[PDB]
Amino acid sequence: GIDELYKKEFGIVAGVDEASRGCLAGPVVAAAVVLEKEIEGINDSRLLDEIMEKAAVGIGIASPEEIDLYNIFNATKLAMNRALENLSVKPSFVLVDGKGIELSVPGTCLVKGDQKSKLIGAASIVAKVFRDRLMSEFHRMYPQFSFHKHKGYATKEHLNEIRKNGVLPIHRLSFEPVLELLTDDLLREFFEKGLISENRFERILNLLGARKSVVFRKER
């Protein structure tokens, strides 16, 4: 309903939101949603279909590699910027979920906007839904992991699976709980088998060795 005020001044406004910033595995997902024919139900009082039939949508992704090289915050806007880019209508303005985000289109940030703007409310759905059906095929591809349930998140299951099964190249290797399970041994193997770029290989080395450092200081 706040979405309506912005449309009056800027005309074509979009909604951005992301999913999967707290995961241990997978990319981060973003979604950009221009929308006209209004939908009751999104931030009001089976709309997946209505949103698809009745809106403009761009989706962006950042590979887990990219979360590890760039970091979880930058990888996010990287996807978000790819969403606007993948969106078919150029908006004059954007309402982003969160705070402290500057995107390639002039915009404003809304705290709990995924819960007060319809355009963001839309993309936030789009985002999860895609991510979810993505984690699904990850589950099929990596049968050992219940990706289809925990969504790559840091649940008790997912951890046990990592511990019992080993880390994957689709794990965010710079993520504390994954990191703490990491041996350069594996890194090397991942590298040698061509399952990680040299860039990532280095980064993670530098990171492990830095993890030891703060423990070393902290032990003194």
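Numbers follow the displayed sequence, beginning with 1.
Colleague: Which is higher in the entry, the mean Cα B factor of 208 to 216 or that of 8 to 16?
Modeller: Looking at the recorded C-alpha B-factors, 208 to 216 comes out higher on average.
Colleague: Regarding 33 to 41 and 188 to 196, which shows the higher C-alpha temperature factor on average in the entry?
Modeller: Looking at the record's C-alpha B-factors, the answer is 33 to 41.
Colleague: Between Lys112, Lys77, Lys128, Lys118, which one tops the list for C-alpha B-factor in the PDB entry?
Modeller: Result of the comparison over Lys112, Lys77, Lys128, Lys118: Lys112.
Colleague: Out of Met52, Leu69, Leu181, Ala62, which shows the largest CA B-factor listed in the entry?
Modeller: Comparing C-alpha B-factors across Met52, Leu69, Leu181, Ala62, the maximum falls on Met52.
Colleague: Going by the CA temperature factor in the PDB record, which third of the chain does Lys151 belong to: lowest, middle or highest?
Modeller: Answer is middle: the recorded C-alpha B-factor places it there.
Colleague: Is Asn165 in the lowest, middle or highest third of its chain when residues are ranked by C-alpha B-factor?
Modeller: CA B-factor rank for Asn165: middle third.
Colleague: Which third, lowest, middle or highest, does the C-alpha temperature factor of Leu173 belong to within its own chain?
Modeller: For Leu173, whose C-alpha B-factor we compare with every modelled residue in the chain, the answer is the lowest third.
Colleague: Comparing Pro143 with the other modelled residues of its chain, is its CA B-factor in the lowest, middle or highest third?
Modeller: Highest third.
Colleague: Sorting the chain's CA B-factors, does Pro106 end up in the lowest, middle or highest third?
Modeller: As the PDB entry reports it, the C-alpha B-factor of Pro106 lands in the highest third of its chain.
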